[PDB]
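Engineer: Have a look at this one before I ask anything.
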Amino acid sequence: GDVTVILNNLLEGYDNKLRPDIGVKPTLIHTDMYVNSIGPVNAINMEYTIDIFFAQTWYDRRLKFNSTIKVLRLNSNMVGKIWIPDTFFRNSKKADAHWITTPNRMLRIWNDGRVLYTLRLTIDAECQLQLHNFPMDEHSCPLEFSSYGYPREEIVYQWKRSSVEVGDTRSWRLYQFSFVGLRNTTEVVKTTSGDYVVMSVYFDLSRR
Amino acid sequence: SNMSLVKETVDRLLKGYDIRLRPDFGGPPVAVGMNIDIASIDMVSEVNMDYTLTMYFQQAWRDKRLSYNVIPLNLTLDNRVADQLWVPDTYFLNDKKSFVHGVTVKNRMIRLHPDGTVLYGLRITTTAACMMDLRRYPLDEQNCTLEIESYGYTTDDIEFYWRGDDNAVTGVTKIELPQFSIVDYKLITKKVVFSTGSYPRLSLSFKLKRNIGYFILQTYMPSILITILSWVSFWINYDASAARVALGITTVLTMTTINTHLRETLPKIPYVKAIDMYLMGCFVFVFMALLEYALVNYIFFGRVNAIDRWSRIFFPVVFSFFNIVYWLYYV
Amino acid sequence: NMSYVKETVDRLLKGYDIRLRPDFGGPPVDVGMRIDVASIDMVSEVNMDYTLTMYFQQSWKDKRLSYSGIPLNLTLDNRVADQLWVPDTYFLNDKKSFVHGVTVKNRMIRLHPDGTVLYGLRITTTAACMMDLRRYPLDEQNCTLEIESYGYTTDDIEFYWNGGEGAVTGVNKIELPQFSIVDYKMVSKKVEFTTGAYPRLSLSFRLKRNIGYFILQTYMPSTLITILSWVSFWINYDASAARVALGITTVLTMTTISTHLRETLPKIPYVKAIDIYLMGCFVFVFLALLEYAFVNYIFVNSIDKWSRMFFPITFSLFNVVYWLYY
Amino acid sequence: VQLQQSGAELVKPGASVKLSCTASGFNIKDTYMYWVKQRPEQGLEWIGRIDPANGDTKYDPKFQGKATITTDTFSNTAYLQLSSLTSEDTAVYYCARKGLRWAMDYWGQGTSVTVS
Amino acid sequence: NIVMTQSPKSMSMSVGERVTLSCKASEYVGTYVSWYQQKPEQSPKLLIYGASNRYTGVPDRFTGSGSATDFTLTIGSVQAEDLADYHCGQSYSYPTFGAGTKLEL
Amino acid sequence: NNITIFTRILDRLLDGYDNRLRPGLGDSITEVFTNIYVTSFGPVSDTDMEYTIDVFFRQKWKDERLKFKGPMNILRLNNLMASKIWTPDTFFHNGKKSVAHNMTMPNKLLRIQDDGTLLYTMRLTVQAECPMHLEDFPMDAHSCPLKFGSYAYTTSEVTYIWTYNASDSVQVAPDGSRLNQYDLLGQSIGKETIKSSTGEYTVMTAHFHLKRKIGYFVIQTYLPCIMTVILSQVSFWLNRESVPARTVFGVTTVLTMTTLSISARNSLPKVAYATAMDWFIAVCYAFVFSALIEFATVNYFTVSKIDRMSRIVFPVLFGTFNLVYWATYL
Amino acid sequence: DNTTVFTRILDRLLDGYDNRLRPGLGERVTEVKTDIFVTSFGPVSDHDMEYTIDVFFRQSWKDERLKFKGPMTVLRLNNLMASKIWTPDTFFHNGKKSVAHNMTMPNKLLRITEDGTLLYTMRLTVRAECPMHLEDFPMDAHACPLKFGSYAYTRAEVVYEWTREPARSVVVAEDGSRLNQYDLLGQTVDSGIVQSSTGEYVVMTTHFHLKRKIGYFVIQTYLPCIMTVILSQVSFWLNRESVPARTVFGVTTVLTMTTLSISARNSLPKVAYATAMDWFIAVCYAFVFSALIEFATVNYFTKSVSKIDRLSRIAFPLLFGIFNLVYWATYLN
Ligand SMILES: *[C@@H]1O[C@H](CO)[C@@H](O[C@@H]2O[C@H](CO)[C@@H](O[C@@H]3O[C@H](CO[C@H]4O[C@H](CO[C@H]5O[C@H](CO)[C@@H](O)[C@H](O)[C@@H]5O)[C@@H](O)[C@H](O)[C@@H]4O)[C@@H](O)[C@H](O[C@H]4O[C@H](CO)[C@@H](O)[C@H](O)[C@@H]4O[C@H]4O[C@H](CO)[C@@H](O)[C@H](O)[C@@H]4O)[C@@H]3O)[C@H](O)[C@H]2NC(C)=O)[C@H](O)[C@H]1NC(C)=O
Ligand SMILES: CCCCCCCC/C=C\CCCCCCCC(=O)O[C@@H](COC(=O)CCCCCCCCCCCCCCC)COP(=O)([O-])OCC[N+](C)(C)C
Ligand SMILES: *[C@@H]1O[C@H](CO)[C@@H](O[C@@H]2O[C@H](CO)[C@@H](O[C@@H]3O[C@H](CO)[C@@H](O)[C@H](O)[C@@H]3O)[C@H](O)[C@H]2NC(C)=O)[C@H](O)[C@H]1NC(C)=O
Ligand SMILES: *[C@@H]1O[C@H](CO)[C@@H](O[C@@H]2O[C@H](CO)[C@@H](O[C@@H]3O[C@H](CO)[C@@H](O)[C@H](O)[C@@H]3O)[C@H](O)[C@H]2NC(C)=O)[C@H](O)[C@H]1NC(C)=O
Ligand SMILES: *[C@@H]1O[C@H](CO)[C@@H](O[C@@H]2O[C@H](CO)[C@@H](O)[C@H](O)[C@H]2NC(C)=O)[C@H](O)[C@H]1NC(C)=O
Ligand SMILES: *[C@@H]1O[C@H](CO)[C@@H](O[C@@H]2O[C@H](CO)[C@@H](O)[C@H](O)[C@H]2NC(C)=O)[C@H](O)[C@H]1NC(C)=O
Ligand SMILES: *[C@@H]1O[C@H](CO)[C@@H](O)[C@H](O)[C@H]1NC(C)=O
Ligand SMILES: *[C@@H]1O[C@H](CO)[C@@H](O)[C@H](O)[C@H]1NC(C)=O
């Protein structure tokens, strides 16, 4: 029909192994995270559970179409056919997406090449808890994420004015803690493979 | 255009590539350099005899078929090309349960280099088995290893080396542990011989040391104070049996109870741990105090007052001498 | 001669439509299923489940798999199944299952020369069994395993036990560490869901719990702490601290034994038979503590004399009416 | 399926004798080859083992040094080497193919050695 | 090593009755014994492999039996052509052999 | 042949079919008709504030491209066809760790009809969240919800309408109830429209009203708290001069109350407020703690008239407390 | 190119290959030669009567369709080649949940020699069933088995054998013993046939002999029970007037003896029968009630040194010594 020929013309001659502008400029990725619920803060094991709607936005010049259809709201089948960034959470002990009843992923491609990619995650992220002054302790639990393979010269991460957004803050699983506030920071770390842009979100928790 | 050039170069590299054949398959072995960035050591557990290690495992070899020249910059491809390029079959011998992290994609990396120095980096959380010699617990010192070995390729097909000698493993100094403390880490390369051939081997080993401060406050000092409380019976009169008998029985019972409630938090080991030796000696002292009062009651009623003075001097001296011997041996 | 075998299998799987069942527009496909119980592993009461491993084999006659060539049953690799029709037999009691995949996926398939397809797996099911726990520990459970089609109704698929009672074997040699399997029954059912009429076979096991664990772990500490509280009657009345040392220590432990009984037991809302027996002698200690309170309100006067003529009579009469009832 | 040995031997004591047997109908690289000693009016005595695919040889502790077993690939043949012959070495020798469930399936016709 | 102690040395009975043998092992050999016949001026031939497995060409009258340590070979209605010598071996370890049981009239 | 007729039908349907696009992507809305058949309501875990539920998640929509003219009216196909045609990506909003069972064949259904109507049944093990407020513990009555809606499809694309009336659309199997703490009173359903930062979605919910049974916490916590109060009231019936016997009554009933305050507590999570269970133990501790205070005043003034008045005032104060506590919460 | 020689060799090997059919389906019997290298005999969990073993499972079989002539006699290939050729379907008869490790690559080996002989090695953490008769607990010995054979392959199609001598076909590594409670005395193999509902299958058996070391229970149960009896034995030396002292002696020995009885059973499963530890606890428990009933009778007969106390100061410890010398010599020998 109309969208079928558009998608088949977009995906012919396409390599998902190459990022957009592989030898031109770094790919600027705008992230944003919507917290559904912060789970329990485990003290003897030193992690916390968080359930988010992780959303990423970047530009891809190959996914540019000129049709009356301005947006192509698709499902998770098109996720593993285009280039997606390899975002991983640097302080997560273990995490998983959700796959019931279908892979909980979203893909929307605008007509200028803008791609929005949203997935639902449950992350057991590490949060170091100082046990001095127990139990009058206030912690800034972090959540650091970056790309794994692409350095600062290939992917530059960048926040959006509308960053972390909390829910009702009353159906959450925090029993002994209380959510105080959140702050977004960005930085550059140096590893043995290059320089990586790391985005961190600090969750301020005060024990009741 | 740079994009089309990189596309046709990757298409030229992946066309005709044999996945089943190692580099120089019919010639000299390929050299695989290894780097590990330790992220965290989570659970050094004595009941399960293992430690959970999260690391940025990374390998670097040479593949002469993957050589690009038209593009002078390093190509970092996607993580879905690792199913198309040859990678070594590195496994861990003491591994029990491992997984590559899969959020938001599978955490692995390939960075091709002009010559073809394939940079294969992985993020692995492994649960390596480490047998612990708990014959000096809690004043012990553990040697936990991680045996990195190739599986299907012998010494005349592959060879392993740490990349950068002692700088190959980083981030050990930044690791802190709840009850342990990393003293030293050492890097060993050798070859093991099986019935199928000779295989290369690297091993990362840590010298963990237990912190005394937790136990010396919740296992040693309660036992010491309970043994001091046993000698209060020597200053009560020879007629206060209700009182003295309670003191003795209560001390002995509490000592046994802590001995027990303590010993289910360790594996079912059949030997004697320093803490078990100390908690047996304290039980012997408390039982001797109870039999001392029983002997006093027998020599008064059945068949005298000098026994209290002898005991009041004897028992602290013998207990301090036992403490001197115990803290001179296990130190 | 291997050319005769390969050209036959390459012809059977050519033109095959895996998406269509044997006789799609015609009659229903009748599948004969056998179960070889490998072992019933762990019957867990806290999670109201039992773990069961078995050699689940099915047998239906696929017509398109007919050949007039090789006169022997061709046992193909377990892998071919994924290129063939397979019925969608599922378990309604299933909470966690895995067919074993070491060293290869544990599957078997034999293509008999007329149309038979001998398909058989090795499944370990954690089947859910709702337990009636009132008679505990002298109880008796009837755990069941329900196998059913999912997408195919009674007009499309039919299920029957092979060789009647012979369908399920091996349950005699199964040893439970605690229970004792006594009976096993089979039954073909046709449940009516909203979607359609479905064939369901149910394989039911009877498990009888052995009392001998609880005799020495629970009942004998419970019975002999009442005997421990009966030493309180053989003390003279002026011994105030001596006699109270009996009664105050038997009743704190009897509360402690009751609290250290129901953490291995689930979060049950009603009264079990162990709780009736434990609370039966729990008030006998209150009768001993009230007896000391009554005789100290006097300060033998026959109160400590009738007590030795009433307490062994009452507990023994309580023991007769409890064990004969269960 | 047939194991043909050499002829009868008769040499002076203290000398050396070459003894051999040829296997036909199969290859010796698949199954092991076993050598056995049968003294007259006595029981069987196992000499040694050879794996022709590997070349690994295992011998009885009482026959180590005085006897060794070699083989070749092209001729499909097994060889014995006997040194320092004595009066107690007068026996008849068979070469045995390893069969199903390690059972010494096939046997040669036997070569009778004699010293004087 | 593994020591085979088959007994007795010889038996002397008639034609057409049951005769049994015995092969006792010093150490554990698990169903890996073998039985051979020895005619005069003849090479040995296989009869039983495993513990009780009849080889091809063995008549049905030859029945073996086995266990972890004790082994036997039962003959039913032995005939005149079966007057030979019987040997018991093992192959759970490096192979050894017994002395030898003879048959006589 | 006969079965090759139905092979030509299914090959014709999937020739040119695109599973990346919803039916009527620019023609209209995609109406999805939903049922839930709860085969077994699983155990409600009190610590994790979660509950387990096994459903037969039936969905039904109309795809005009899946239309055939043949001798059959419904094509009761197998699982494999579902992975290559369009299905709605319904997730569960409050789900935590839900698994589709796959033993032996994917527990799925597909019943493409002659007019193009589809049916899609699954077998899930949803472990959805449940907000619990344990301020009336253990006489509480929760309502654990189950909210499900489409993903990557706004209300301008896919809308959700129940198949039947709002009463008989989420059924519970008559014998299927693995609840041991609670008991299912009833279910109430509704259809909403939630808006996030992508668009407006359809968020059908189902609320399962629960009510906690008291019968466990009577014999475990309530009744042993009562008996140790009465056991502490035995000490008023003894001799005044019996100093050590009443002292043991003071130090055992206080100690076994502290054990019962912690032993019964380790079941409930660590919340920030005080439950109605804690408002019974603390008062029962105050009766016991004042009893040892009464004996200490008797021992300081050494039949005492304070002890005789303690045999009347102390039982009837506890009796009136049990009347107030068991009528307010019941 | 130089590497094109091996590529065309492998593509000629896999051309016209059917991996659904075993080598010699209608002509002969596929002989699979097996050996096991036990890298670590892991911990034995009594509660589940199971044990974990990590092994270098090795199989070898003759395939006539993989003959090649080239510059290299042995082709040491990767795991990919293993899934494209026929491999035997060996499964463990008494296994519960076993994992074939695949970090970082699948731990498999495949070596195709020039005559067609194969070698297929894998790493398997087999969790198997070890049935236990704990009548002699803790002074017992077990023979935990490991039975494996080919599924979907009758005796007439696939037979198994040990590639070396059966005494040397299961090799346990010297450092590889993760047993903390037991110790591994030796290995034991056997081969037999099993007749199942479908046909006769060849099964290979491996018995691992174990022996429990009495070190944990001669400090958690036996010695505390002996000390509890001895603390009940010292109550006979007290005064006849000290009723609360001997009373608290008796009741605290009863409570410590019964809490040792409770906490001792939290080790083995819930078996219906009674172990040797149960008999020791029962006899010591009866000695404790004997010590208490002695004081109850003395307090009944009180108003001089009691003759009952003087008889129980002698008879009771010698009867405990005779019980110890009977029980230990009966169960240790
Ligand atoms: C060692 O062995 C293990 C076991 O074999 C290997 O793990 C397997 O890896 C497979 C490939 O990655 C994977 O197959 C895909 O599964 C997807 C569904 O996810 C299942 O598994 C997760 C488990 O992962 C989580 O839990 C583990 C626990 O250890 C963690 O380690 C992880 O980090 C996770 O937290 C479950 O949570 C899920 O419920 C599932 O059971 C499928 O979606 C996928 O199919 C789709 O993707 C394919 C590849 O892109 C594609 O070809 C196919 O067509 C499908 O594509 C659809 O969906 C994708 C989704 O992104 C979409 O992009 C497409 O457009 C399309 O819509 C695969 O089937 C196995 O499930 C996994 N097994 C297990 C038990 O985890 C492991 O890799 C191996 N290691 C090595 C190094 O070899
Ligand atoms: C608060 C708790 C109590 C504290 C007490 C403090 C004071 C005491 C303090 C210390 C003394 C104890 C220290 C040593 C114990 C640990 C070492 C050990 O296990 O030893 C050995 C036990 O092996 C045996 O067989 C032991 C048998 C003992 C029998 C009972 C002895 C007394 C019996 C009469 C008693 C009444 C007499 C009087 C009656 C009136 C080694 O065992 P293993 O490691 O298994 O090695 C063998 C392995 N193998 C089998 C495979 C070959
Ligand atoms: C922890 O335990 C391991 C294992 O016991 C220790 O590793 C050992 O380290 C020594 C010295 O580094 C190695 O000795 C070497 O021997 C070779 C022999 O040729 C020699 O050439 C070297 O110069 C060196 O002397 C030893 O092989 C090695 N053990 C093994 C099994 O490889 C380690 O030292 C311990 N401590 C720490 C902190 O890791
Ligand atoms: C254990 O519980 C199950 C389920 O409650 C009991 O199953 C019931 O068994 C009877 C006897 O077999 C069934 O009746 C039979 O039904 C078949 C099917 O048509 C019919 O052919 C027979 O004539 C007979 O009527 C009954 O249907 C079945 N219950 C259900 C709900 O299907 C079982 O008896 C219990 N006990 C044991 C020992 O298993
Ligand atoms: C590609 O990667 C290689 C390997 O890391 C880089 O080579 C090294 O780069 C560092 C930093 O630029 C230098 O200090 C070393 O001297 C280089 N070594 C060699 C052998 O060249 C290389 O620069 C990278 N190429 C890029 C980023 O274009
Ligand atoms: C469980 O799910 C998996 C994944 O859907 C099924 O495996 C697929 O089954 C089909 C059968 O038509 C094969 O064509 C595929 O190749 C299989 N995918 C693989 C191997 O990843 C599997 O059949 C389901 N059931 C079982 C018994 O596991
Ligand atoms: C995100 O970060 C920017 C600065 O980097 C800040 O101005 C903004 O407020 C942050 N997002 C929030 C809190 O909305
Ligand atoms: C083939 O299958 C049939 C059907 O059960 C069976 O009777 C027969 O024994 C099998 N084998 C042969 C060789 O026919």
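Letters A, B, ... go to the chains of the structure tokens in the order shown; residues in each chain start at 1; ligands are counted from 1 in the same order.
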Sorted by chain and rising residue number, which residues of chain B lie within 9 Å of ligand 3, and what are their closest atom pairs and distances in Å to one decimal, counting only C-alpha atoms and all ligand atoms, as a Markdown table?

Structural biologist:
```
| residue | atom | partner | partner_atom_place_in_ligand_line | distance |
| --- | --- | --- | --- | --- |
| B:142 | CA | ligand 3 | 1 (C) | 8.3 |
| B:143 | CA | ligand 3 | 1 (C) | 4.8 |
| B:144 | CA | ligand 3 | 1 (C) | 6.9 |
| B:145 | CA | ligand 3 | 1 (C) | 6.9 |
| B:183 | CA | ligand 3 | 38 (C) | 7.4 |
| B:184 | CA | ligand 3 | 38 (C) | 4.9 |
| B:185 | CA | ligand 3 | 38 (C) | 4.8 |
| B:186 | CA | ligand 3 | 39 (O) | 4.5 |
| B:187 | CA | ligand 3 | 39 (O) | 7.3 |
| B:188 | CA | ligand 3 | 32 (O) | 5.8 |
| B:189 | CA | ligand 3 | 32 (O) | 7.2 |
| B:190 | CA | ligand 3 | 32 (O) | 6.8 |
| B:202 | CA | ligand 3 | 32 (O) | 8.6 |
| B:203 | CA | ligand 3 | 32 (O) | 7.3 |
| B:204 | CA | ligand 3 | 39 (O) | 7.2 |
| B:205 | CA | ligand 3 | 39 (O) | 4.2 |
| B:206 | CA | ligand 3 | 39 (O) | 4.8 |
| B:207 | CA | ligand 3 | 38 (C) | 4.5 |
| B:208 | CA | ligand 3 | 38 (C) | 8.3 |
```

Engineer: Would you list, as a ChimeraX atom specification, the residues of region 26-258 of chain G that end up in alpha helix (DSSP H) under DSSP run on this structure's backbone?

Structural biologist: /G:80-83,217-220,222-233,243-258

Engineer: Can you spit out the residues from that selection as a compact mmCIF listing (two decimals), in the first residue's frame, using N, CA and C atoms?

Structural biologist:
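Result file follows (part06.txt):
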```txt
# COMPACT_ATOMS: atom_id res chain seq x y z
N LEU G 80 30.41 -24.33 16.00
CA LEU G 80 29.47 -24.17 14.87
C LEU G 80 29.40 -25.48 14.08
N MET G 81 30.56 -26.09 13.79
CA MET G 81 30.59 -27.32 13.03
C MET G 81 29.90 -28.47 13.74
N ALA G 82 29.75 -28.39 15.07
CA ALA G 82 29.15 -29.48 15.82
C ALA G 82 27.65 -29.61 15.57
N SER G 83 26.96 -28.51 15.31
CA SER G 83 25.53 -28.55 15.07
C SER G 83 25.17 -28.95 13.65
N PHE G 217 29.37 -33.21 63.32
CA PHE G 217 28.36 -33.75 64.26
C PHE G 217 29.04 -34.29 65.52
N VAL G 218 30.36 -34.31 65.59
CA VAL G 218 31.01 -34.70 66.87
C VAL G 218 31.35 -33.40 67.59
N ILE G 219 30.67 -32.30 67.25
CA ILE G 219 30.89 -30.97 67.90
C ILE G 219 29.55 -30.22 67.96
N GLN G 220 28.62 -30.51 67.06
CA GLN G 220 27.29 -29.91 67.12
C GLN G 220 26.28 -30.74 67.88
N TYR G 222 26.92 -34.59 69.22
CA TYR G 222 27.34 -35.66 70.12
C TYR G 222 27.98 -35.12 71.39
N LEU G 223 28.98 -34.26 71.25
CA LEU G 223 29.62 -33.61 72.39
C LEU G 223 28.71 -32.68 73.20
N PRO G 224 27.84 -31.83 72.62
CA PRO G 224 26.87 -31.11 73.47
C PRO G 224 25.90 -32.01 74.20
N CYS G 225 25.49 -33.14 73.61
CA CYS G 225 24.60 -34.05 74.32
C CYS G 225 25.33 -34.76 75.46
N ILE G 226 26.61 -35.10 75.25
CA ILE G 226 27.41 -35.70 76.31
C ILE G 226 27.62 -34.70 77.45
N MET G 227 27.88 -33.43 77.12
CA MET G 227 28.03 -32.41 78.15
C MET G 227 26.72 -32.11 78.86
N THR G 228 25.59 -32.21 78.16
CA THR G 228 24.29 -32.03 78.80
C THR G 228 23.98 -33.17 79.76
N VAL G 229 24.36 -34.40 79.39
CA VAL G 229 24.20 -35.54 80.30
C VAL G 229 25.10 -35.38 81.52
N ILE G 230 26.36 -34.96 81.30
CA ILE G 230 27.31 -34.79 82.39
C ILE G 230 26.88 -33.66 83.33
N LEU G 231 26.28 -32.60 82.79
CA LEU G 231 25.73 -31.55 83.64
C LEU G 231 24.49 -32.02 84.40
N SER G 232 23.76 -33.00 83.88
CA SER G 232 22.74 -33.65 84.70
C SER G 232 23.35 -34.62 85.70
N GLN G 233 24.56 -35.11 85.44
CA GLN G 233 25.23 -36.04 86.34
C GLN G 233 25.82 -35.35 87.56
N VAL G 243 16.39 -27.69 96.85
CA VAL G 243 15.36 -28.04 95.88
C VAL G 243 15.34 -27.14 94.64
N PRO G 244 15.42 -25.79 94.72
CA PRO G 244 15.46 -25.02 93.46
C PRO G 244 16.72 -25.23 92.64
N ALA G 245 17.86 -25.54 93.28
CA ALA G 245 19.10 -25.75 92.54
C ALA G 245 19.04 -27.02 91.70
N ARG G 246 18.64 -28.14 92.31
CA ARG G 246 18.52 -29.37 91.56
C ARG G 246 17.32 -29.33 90.61
N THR G 247 16.30 -28.53 90.96
CA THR G 247 15.17 -28.30 90.06
C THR G 247 15.61 -27.59 88.78
N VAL G 248 16.40 -26.52 88.91
CA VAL G 248 16.83 -25.81 87.71
C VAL G 248 17.88 -26.62 86.95
N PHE G 249 18.67 -27.46 87.65
CA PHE G 249 19.50 -28.47 86.98
C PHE G 249 18.67 -29.37 86.08
N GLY G 250 17.61 -29.97 86.64
CA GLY G 250 16.80 -30.91 85.88
C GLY G 250 16.07 -30.26 84.72
N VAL G 251 15.44 -29.11 84.95
CA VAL G 251 14.66 -28.50 83.88
C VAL G 251 15.57 -27.89 82.82
N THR G 252 16.75 -27.39 83.17
CA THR G 252 17.61 -26.86 82.12
C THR G 252 18.28 -27.96 81.31
N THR G 253 18.60 -29.10 81.94
CA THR G 253 19.05 -30.24 81.13
C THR G 253 17.96 -30.75 80.21
N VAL G 254 16.70 -30.76 80.67
CA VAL G 254 15.60 -31.19 79.81
C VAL G 254 15.42 -30.23 78.63
N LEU G 255 15.45 -28.92 78.89
CA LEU G 255 15.28 -27.94 77.81
C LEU G 255 16.46 -27.93 76.84
N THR G 256 17.70 -28.04 77.33
CA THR G 256 18.82 -28.10 76.40
C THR G 256 18.83 -29.39 75.60
N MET G 257 18.42 -30.50 76.22
CA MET G 257 18.35 -31.77 75.52
C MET G 257 17.26 -31.75 74.45
N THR G 258 16.10 -31.15 74.74
CA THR G 258 15.06 -31.12 73.72
C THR G 258 15.34 -30.07 72.64
```

Engineer: When you look at residue 238 (chain G) with a cut-off of 9 Å (counting only C-alpha atoms), what residues show up, excluding the ones that are within fewer than 4 positions of it in the same chain? I need them as a list in words.

Structural biologist: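 In the requested format, the answer is residues 294, 295, 297, 298, 301 and 302 of chain B; 234, 242, 245, 246 and 309 of chain G.
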
Engineer: Show me which residues are within 8 Å of ligand 4 counting only C-alpha atoms and all ligand atoms, and format the list as a PyMOL selection string.

Structural biologist: chain C and resi 142-144+183-190+202-206

Engineer: Any chance you can output those residues with N, CA, C and O atoms as a short mmCIF file (atom, residue, chain, number, x, y, z; two decimals), in the first residue's frame?

Structural biologist:
```
data_model
loop_
_atom_site.label_atom_id
_atom_site.label_comp_id
_atom_site.auth_asym_id
_atom_site.auth_seq_id
_atom_site.Cartn_x
_atom_site.Cartn_y
_atom_site.Cartn_z
N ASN C 142 -4.79 -35.80 47.47
CA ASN C 142 -5.11 -36.43 46.16
C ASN C 142 -4.60 -35.47 45.08
O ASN C 142 -5.43 -34.77 44.47
N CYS C 143 -3.28 -35.43 44.88
CA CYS C 143 -2.69 -34.47 43.90
C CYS C 143 -2.97 -34.96 42.47
O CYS C 143 -2.95 -36.18 42.25
N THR C 144 -3.21 -34.03 41.55
CA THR C 144 -3.60 -34.44 40.17
C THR C 144 -2.74 -33.72 39.12
O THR C 144 -2.17 -32.66 39.44
N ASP C 183 -2.22 -44.90 45.69
CA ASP C 183 -3.12 -45.13 44.57
C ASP C 183 -2.74 -44.21 43.42
O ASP C 183 -2.09 -43.18 43.61
N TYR C 184 -3.16 -44.59 42.22
CA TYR C 184 -3.06 -43.72 41.06
C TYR C 184 -4.24 -44.02 40.15
O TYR C 184 -4.55 -45.19 39.92
N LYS C 185 -4.91 -42.98 39.68
CA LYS C 185 -6.12 -43.14 38.88
C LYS C 185 -6.04 -42.28 37.63
O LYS C 185 -5.38 -41.23 37.62
N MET C 186 -6.70 -42.76 36.60
CA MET C 186 -6.69 -42.03 35.32
C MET C 186 -8.14 -41.77 34.95
O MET C 186 -8.99 -42.50 35.46
N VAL C 187 -8.40 -40.75 34.12
CA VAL C 187 -9.80 -40.39 33.75
C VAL C 187 -9.78 -39.47 32.52
O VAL C 187 -8.97 -38.51 32.52
N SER C 188 -10.61 -39.76 31.52
CA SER C 188 -10.70 -38.89 30.32
C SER C 188 -11.86 -37.91 30.51
O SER C 188 -12.99 -38.37 30.73
N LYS C 189 -11.59 -36.60 30.42
CA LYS C 189 -12.64 -35.59 30.68
C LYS C 189 -12.83 -34.70 29.45
O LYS C 189 -11.91 -34.64 28.61
N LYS C 190 -13.98 -34.03 29.34
CA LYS C 190 -14.22 -33.08 28.22
C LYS C 190 -14.70 -31.75 28.82
O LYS C 190 -15.92 -31.51 28.82
N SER C 202 -6.79 -36.47 33.10
CA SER C 202 -6.29 -36.16 34.43
C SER C 202 -5.64 -37.41 35.01
O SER C 202 -6.25 -38.48 35.02
N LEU C 203 -4.41 -37.27 35.47
CA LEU C 203 -3.68 -38.33 36.15
C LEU C 203 -3.54 -37.92 37.61
O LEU C 203 -2.90 -36.92 37.92
N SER C 204 -4.15 -38.70 38.50
CA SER C 204 -4.27 -38.33 39.91
C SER C 204 -3.45 -39.28 40.77
O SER C 204 -3.51 -40.50 40.59
N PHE C 205 -2.69 -38.72 41.70
CA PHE C 205 -1.89 -39.49 42.64
C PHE C 205 -2.43 -39.29 44.05
O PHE C 205 -2.89 -38.20 44.40
N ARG C 206 -2.38 -40.35 44.85
CA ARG C 206 -2.75 -40.28 46.26
C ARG C 206 -1.48 -40.38 47.10
O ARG C 206 -0.69 -41.31 46.92
#
```

Engineer: Please identify every polymer residue within 8 Å of ligand 2, using only C-alpha atoms and all ligand atoms, and present the set as a ChimeraX atom specification.

Structural biologist: /B:255-257,259-260,270-272,277,279-281,283-284 /G:139,182-183,211-220,222-224,226-227,230,316-321,324-325,328,332
